[PDB]
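Dumped query-v9.pdb below, it's PDB, N, CA, C and O atoms:
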ATOM      1  N   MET A   1     109.302  91.553 118.999
ATOM      2  CA  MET A   1     109.087  90.307 118.283
ATOM      3  C   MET A   1     109.352  90.481 116.787
ATOM      4  O   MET A   1     110.210  89.804 116.222
ATOM      5  N   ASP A   2     108.600  91.392 116.187
ATOM      6  CA  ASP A   2     108.742  91.663 114.767
ATOM      7  C   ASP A   2     107.643  92.630 114.323
ATOM      8  O   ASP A   2     107.005  92.420 113.294
ATOM      9  N   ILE A   3     107.457  93.670 115.124
ATOM     10  CA  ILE A   3     106.446  94.671 114.826
ATOM     11  C   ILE A   3     107.119  95.906 114.225
ATOM     12  O   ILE A   3     108.255  96.251 114.542
ATOM     13  N   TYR A   4     106.381  96.573 113.335
ATOM     14  CA  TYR A   4     106.875  97.764 112.673
ATOM     15  C   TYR A   4     105.780  98.821 112.626
ATOM     16  O   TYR A   4     104.687  98.522 112.147
ATOM     17  N   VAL A   5     106.085 100.014 113.114
ATOM     18  CA  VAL A   5     105.113 101.094 113.116
ATOM     19  C   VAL A   5     105.691 102.297 112.370
ATOM     20  O   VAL A   5     106.900 102.520 112.386
ATOM     21  N   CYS A   6     104.799 103.041 111.732
ATOM     22  CA  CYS A   6     105.206 104.217 110.981
ATOM     23  C   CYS A   6     105.429 105.365 111.968
ATOM     24  O   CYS A   6     104.666 105.528 112.918
ATOM     25  N   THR A   7     106.479 106.130 111.709
ATOM     26  CA  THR A   7     106.813 107.257 112.564
ATOM     27  C   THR A   7     106.195 108.544 112.013
ATOM     28  O   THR A   7     106.312 109.604 112.625
ATOM     29  N   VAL A   8     105.549 108.409 110.864
ATOM     30  CA  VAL A   8     104.913 109.548 110.224
ATOM     31  C   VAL A   8     103.506 109.728 110.797
ATOM     32  O   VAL A   8     103.102 110.844 111.122
ATOM     33  N   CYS A   9     102.797 108.614 110.905
ATOM     34  CA  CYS A   9     101.443 108.635 111.434
ATOM     35  C   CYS A   9     101.417 107.803 112.718
ATOM     36  O   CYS A   9     101.156 108.331 113.798
ATOM     37  N   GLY A  10     101.689 106.517 112.557
ATOM     38  CA  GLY A  10     101.700 105.607 113.690
ATOM     39  C   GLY A  10     100.723 104.451 113.473
ATOM     40  O   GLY A  10      99.769 104.251 114.223
ATOM     41  N   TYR A  11     100.985 103.680 112.415
ATOM     42  CA  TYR A  11     100.153 102.544 112.072
ATOM     43  C   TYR A  11     100.973 101.265 112.137
ATOM     44  O   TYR A  11     101.646 100.938 111.161
ATOM     45  N   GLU A  12     100.907 100.574 113.267
ATOM     46  CA  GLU A  12     101.651  99.338 113.433
ATOM     47  C   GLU A  12     101.302  98.353 112.315
ATOM     48  O   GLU A  12     100.163  97.917 112.162
ATOM     49  N   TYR A  13     102.322  98.009 111.527
ATOM     50  CA  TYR A  13     102.156  97.087 110.422
ATOM     51  C   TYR A  13     101.614  95.760 110.933
ATOM     52  O   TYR A  13     100.685  95.225 110.330
ATOM     53  N   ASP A  14     102.193  95.261 112.016
ATOM     54  CA  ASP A  14     101.751  93.999 112.587
ATOM     55  C   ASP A  14     101.685  92.941 111.483
ATOM     56  O   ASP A  14     100.736  92.868 110.706
ATOM     57  N   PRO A  15     102.731  92.112 111.433
ATOM     58  CA  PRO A  15     102.875  91.039 110.473
ATOM     59  C   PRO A  15     101.608  90.195 110.457
ATOM     60  O   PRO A  15     101.253  89.679 109.399
ATOM     61  N   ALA A  16     100.963  90.070 111.607
ATOM     62  CA  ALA A  16      99.745  89.284 111.701
ATOM     63  C   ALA A  16      98.585  90.076 111.092
ATOM     64  O   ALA A  16      97.568  89.499 110.711
ATOM     65  N   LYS A  17      98.778  91.385 111.021
ATOM     66  CA  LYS A  17      97.760  92.262 110.465
ATOM     67  C   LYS A  17      97.958  92.371 108.952
ATOM     68  O   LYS A  17      96.992  92.524 108.205
ATOM     69  N   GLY A  18      99.216  92.288 108.544
ATOM     70  CA  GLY A  18      99.553  92.375 107.134
ATOM     71  C   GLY A  18      98.751  93.482 106.446
ATOM     72  O   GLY A  18      98.623  94.583 106.979
ATOM     73  N   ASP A  19      98.233  93.152 105.272
ATOM     74  CA  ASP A  19      97.447  94.104 104.507
ATOM     75  C   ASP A  19      96.409  93.349 103.674
ATOM     76  O   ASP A  19      96.697  92.348 103.022
ATOM     77  N   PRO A  20      95.176  93.860 103.713
ATOM     78  CA  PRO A  20      94.041  93.309 103.002
ATOM     79  C   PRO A  20      93.988  93.893 101.597
ATOM     80  O   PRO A  20      93.790  93.137 100.647
ATOM     81  N   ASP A  21      94.160  95.202 101.491
ATOM     82  CA  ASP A  21      94.125  95.860 100.195
ATOM     83  C   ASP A  21      95.555  96.069  99.696
ATOM     84  O   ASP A  21      96.204  97.053 100.051
ATOM     85  N   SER A  22      96.007  95.128  98.881
ATOM     86  CA  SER A  22      97.350  95.197  98.329
ATOM     87  C   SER A  22      97.794  93.811  97.856
ATOM     88  O   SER A  22      98.622  93.695  96.953
ATOM     89  N   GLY A  23      97.224  92.796  98.488
ATOM     90  CA  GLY A  23      97.550  91.423  98.143
ATOM     91  C   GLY A  23      98.600  90.852  99.101
ATOM     92  O   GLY A  23      99.678  90.443  98.673
ATOM     93  N   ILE A  24      98.247  90.844 100.377
ATOM     94  CA  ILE A  24      99.144  90.331 101.398
ATOM     95  C   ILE A  24      98.388  89.337 102.284
ATOM     96  O   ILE A  24      97.224  89.558 102.616
ATOM     97  N   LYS A  25      99.080  88.266 102.640
ATOM     98  CA  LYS A  25      98.488  87.238 103.480
ATOM     99  C   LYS A  25      98.797  87.544 104.947
ATOM    100  O   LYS A  25      99.816  88.139 105.289
ATOM    101  N   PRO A  26      97.879  87.118 105.818
ATOM    102  CA  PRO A  26      97.969  87.299 107.251
ATOM    103  C   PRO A  26      99.202  86.582 107.779
ATOM    104  O   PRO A  26      99.186  85.355 107.867
ATOM    105  N   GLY A  27     100.234  87.344 108.115
ATOM    106  CA  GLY A  27     101.461  86.759 108.629
ATOM    107  C   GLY A  27     102.542  86.715 107.548
ATOM    108  O   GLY A  27     102.962  85.638 107.127
ATOM    109  N   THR A  28     102.962  87.900 107.127
ATOM    110  CA  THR A  28     103.987  88.011 106.104
ATOM    111  C   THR A  28     105.185  88.800 106.632
ATOM    112  O   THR A  28     105.017  89.820 107.298
ATOM    113  N   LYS A  29     106.370  88.298 106.314
ATOM    114  CA  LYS A  29     107.598  88.943 106.750
ATOM    115  C   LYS A  29     107.638  90.372 106.204
ATOM    116  O   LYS A  29     107.260  90.614 105.059
ATOM    117  N   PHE A  30     108.099  91.282 107.050
ATOM    118  CA  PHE A  30     108.194  92.680 106.668
ATOM    119  C   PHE A  30     109.316  92.895 105.651
ATOM    120  O   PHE A  30     109.495  94.002 105.144
ATOM    121  N   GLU A  31     110.043  91.820 105.382
ATOM    122  CA  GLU A  31     111.142  91.878 104.435
ATOM    123  C   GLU A  31     110.721  91.272 103.095
ATOM    124  O   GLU A  31     111.306  91.583 102.058
ATOM    125  N   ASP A  32     109.709  90.419 103.159
ATOM    126  CA  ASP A  32     109.203  89.767 101.963
ATOM    127  C   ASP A  32     108.153  90.665 101.304
ATOM    128  O   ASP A  32     107.624  90.331 100.245
ATOM    129  N   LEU A  33     107.885  91.785 101.958
ATOM    130  CA  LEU A  33     106.909  92.733 101.448
ATOM    131  C   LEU A  33     107.330  93.191 100.051
ATOM    132  O   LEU A  33     108.511  93.302  99.729
ATOM    133  N   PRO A  34     106.322  93.459  99.216
ATOM    134  CA  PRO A  34     106.491  93.907  97.851
ATOM    135  C   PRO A  34     107.598  94.950  97.789
ATOM    136  O   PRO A  34     107.990  95.462  98.836
ATOM    137  N   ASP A  35     108.073  95.240  96.587
ATOM    138  CA  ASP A  35     109.132  96.222  96.417
ATOM    139  C   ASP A  35     108.517  97.563  96.010
ATOM    140  O   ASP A  35     109.204  98.420  95.454
ATOM    141  N   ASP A  36     107.233  97.702  96.299
ATOM    142  CA  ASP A  36     106.519  98.923  95.969
ATOM    143  C   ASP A  36     105.483  99.215  97.057
ATOM    144  O   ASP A  36     104.551  99.987  96.841
ATOM    145  N   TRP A  37     105.683  98.581  98.204
ATOM    146  CA  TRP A  37     104.779  98.762  99.327
ATOM    147  C   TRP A  37     105.191 100.037 100.065
ATOM    148  O   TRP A  37     106.376 100.362 100.137
ATOM    149  N   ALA A  38     104.192 100.726 100.594
ATOM    150  CA  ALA A  38     104.435 101.958 101.325
ATOM    151  C   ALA A  38     103.319 102.168 102.350
ATOM    152  O   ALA A  38     102.202 101.688 102.164
ATOM    153  N   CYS A  39     103.660 102.884 103.410
ATOM    154  CA  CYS A  39     102.701 103.163 104.466
ATOM    155  C   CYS A  39     101.362 103.514 103.817
ATOM    156  O   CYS A  39     101.133 104.630 103.354
ATOM    157  N   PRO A  40     100.469 102.522 103.794
ATOM    158  CA  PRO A  40      99.140 102.633 103.231
ATOM    159  C   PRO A  40      98.303 103.578 104.082
ATOM    160  O   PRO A  40      97.167 103.866 103.707
ATOM    161  N   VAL A  41      98.865 104.034 105.191
ATOM    162  CA  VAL A  41      98.150 104.940 106.074
ATOM    163  C   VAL A  41      98.339 106.378 105.584
ATOM    164  O   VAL A  41      97.385 107.015 105.141
ATOM    165  N   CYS A  42      99.574 106.845 105.680
ATOM    166  CA  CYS A  42      99.900 108.195 105.252
ATOM    167  C   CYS A  42     100.538 108.118 103.863
ATOM    168  O   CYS A  42     100.190 108.889 102.972
ATOM    169  N   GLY A  43     101.464 107.179 103.725
ATOM    170  CA  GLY A  43     102.155 106.991 102.460
ATOM    171  C   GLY A  43     103.650 106.756 102.683
ATOM    172  O   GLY A  43     104.288 106.027 101.924
ATOM    173  N   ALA A  44     104.167 107.387 103.727
ATOM    174  CA  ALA A  44     105.575 107.256 104.059
ATOM    175  C   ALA A  44     106.107 105.936 103.499
ATOM    176  O   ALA A  44     105.479 104.890 103.661
ATOM    177  N   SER A  45     107.258 106.026 102.848
ATOM    178  CA  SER A  45     107.881 104.851 102.262
ATOM    179  C   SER A  45     108.127 103.795 103.343
ATOM    180  O   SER A  45     107.730 103.975 104.493
ATOM    181  N   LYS A  46     108.780 102.718 102.934
ATOM    182  CA  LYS A  46     109.084 101.634 103.852
ATOM    183  C   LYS A  46     110.450 101.883 104.494
ATOM    184  O   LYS A  46     111.224 100.949 104.698
ATOM    185  N   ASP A  47     110.704 103.148 104.796
ATOM    186  CA  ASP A  47     111.964 103.532 105.411
ATOM    187  C   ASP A  47     111.687 104.470 106.589
ATOM    188  O   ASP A  47     112.610 105.058 107.149
ATOM    189  N   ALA A  48     110.411 104.578 106.929
ATOM    190  CA  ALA A  48     110.000 105.433 108.030
ATOM    191  C   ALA A  48     109.655 104.566 109.242
ATOM    192  O   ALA A  48     109.697 105.038 110.378
ATOM    193  N   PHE A  49     109.324 103.315 108.960
ATOM    194  CA  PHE A  49     108.973 102.378 110.014
ATOM    195  C   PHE A  49     110.201 102.000 110.843
ATOM    196  O   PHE A  49     111.323 102.011 110.339
ATOM    197  N   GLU A  50     109.948 101.674 112.103
ATOM    198  CA  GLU A  50     111.020 101.293 113.007
ATOM    199  C   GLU A  50     110.544 100.194 113.960
ATOM    200  O   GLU A  50     109.550 100.365 114.663
ATOM    201  N   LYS A  51     111.278  99.091 113.953
ATOM    202  CA  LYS A  51     110.943  97.965 114.808
ATOM    203  C   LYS A  51     110.557  98.481 116.195
ATOM    204  O   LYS A  51     111.425  98.809 117.003
ATOM    205  N   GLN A  52     109.254  98.535 116.430
ATOM    206  CA  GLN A  52     108.742  99.006 117.706
ATOM    207  C   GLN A  52     109.476 100.277 118.136
ATOM    208  O   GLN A  52     110.448 100.213 118.888
TER     209      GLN A  52
END
Written form, structure tokens:
Amino acid sequence: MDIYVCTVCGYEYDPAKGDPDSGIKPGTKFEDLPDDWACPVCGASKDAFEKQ
């Protein structure tokens, strides 16, 4: 559908899950994400995630 999980740790971004600590609304495009967002889990940049 439009899910993205980190391959470093394994934290499904889930657009519906978005992010609470960072300033993200519930249901945000993974492309509209800030230009400084990074795997808030481990840290891995936004280039480690892979559509499901």
Test item: the PyMOL selection byres ((chain A and resi 52) around 6) resolved as a PDB file with N, CA, C and O atoms, in the coordinates of the input:
ATOM      1  N   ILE A   3     107.457  93.670 115.124  1.00  0.00           N
ATOM      2  CA  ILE A   3     106.446  94.671 114.826  1.00  0.00           C
ATOM      3  C   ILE A   3     107.119  95.906 114.225  1.00  0.00           C
ATOM      4  O   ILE A   3     108.255  96.251 114.542  1.00  0.00           O
ATOM      5  N   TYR A   4     106.381  96.573 113.335  1.00  0.00           N
ATOM      6  CA  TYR A   4     106.875  97.764 112.673  1.00  0.00           C
ATOM      7  C   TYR A   4     105.780  98.821 112.626  1.00  0.00           C
ATOM      8  O   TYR A   4     104.687  98.522 112.147  1.00  0.00           O
ATOM      9  N   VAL A   5     106.085 100.014 113.114  1.00  0.00           N
ATOM     10  CA  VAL A   5     105.113 101.094 113.116  1.00  0.00           C
ATOM     11  C   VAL A   5     105.691 102.297 112.370  1.00  0.00           C
ATOM     12  O   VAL A   5     106.900 102.520 112.386  1.00  0.00           O
ATOM     13  N   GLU A  50     109.948 101.674 112.103  1.00  0.00           N
ATOM     14  CA  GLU A  50     111.020 101.293 113.007  1.00  0.00           C
ATOM     15  C   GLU A  50     110.544 100.194 113.960  1.00  0.00           C
ATOM     16  O   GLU A  50     109.550 100.365 114.663  1.00  0.00           O
ATOM     17  N   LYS A  51     111.278  99.091 113.953  1.00  0.00           N
ATOM     18  CA  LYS A  51     110.943  97.965 114.808  1.00  0.00           C
ATOM     19  C   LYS A  51     110.557  98.481 116.195  1.00  0.00           C
ATOM     20  O   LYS A  51     111.425  98.809 117.003  1.00  0.00           O
TER      21      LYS A  51
END
Counting all atoms listed in the file, which of A:20, A:15, A:10, A:26 gets nearest to residue 41 (chain A)? A:10
Taking only N, CA, C and O atoms into account, which of A:14, A:44, A:7, A:1 comes nearest residue 28 (chain A)?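 Smallest separation from residue 28 (chain A) among the options: A:14.
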Find the axis-aligned box for region 17-24 of chain A, covering all its listed atoms and adding 8 Å on each side, and write its centre and edge lengths in Å to one decimal as JSON.
{"center_x": 96.7, "center_y": 93.2, "center_z": 104.0, "size_x": 21.9, "size_y": 23.7, "size_z": 30.1}
Once you count all atoms listed in the file, which residues end up no further than 7 Å from (106.6, 102.5, 102.7) in the file's frame, shown as number ranges by chain? A: 36-40, 43-49
Report the residues of chain A whose backbone DSSP state falls under strand (DSSP E), written as a count of residues only. 4
Taking (103.9, 91.1, 107.9) in the coordinates of the supplied file, I want to know which residues reach to within 8 Å of it, counting only N, CA, C and O atoms; could you give the answer as a ChimeraX atom specification? /A:2,13-19,25-33
Atom-to-atom span, CA of residue 9 (chain A) and atom O of residue 23 (chain A), Å: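 Result for CA of residue 9 (chain A) versus atom O of residue 23 (chain A): 22.3 Å, one decimal.
In this structure, atom O of residue 11 (chain A) sits 8.3 Å away from atom N of residue 42 (chain A).
Of note, CA of residue 22 (chain A) and atom O of residue 35 (chain A) are spaced 12.6 Å apart.
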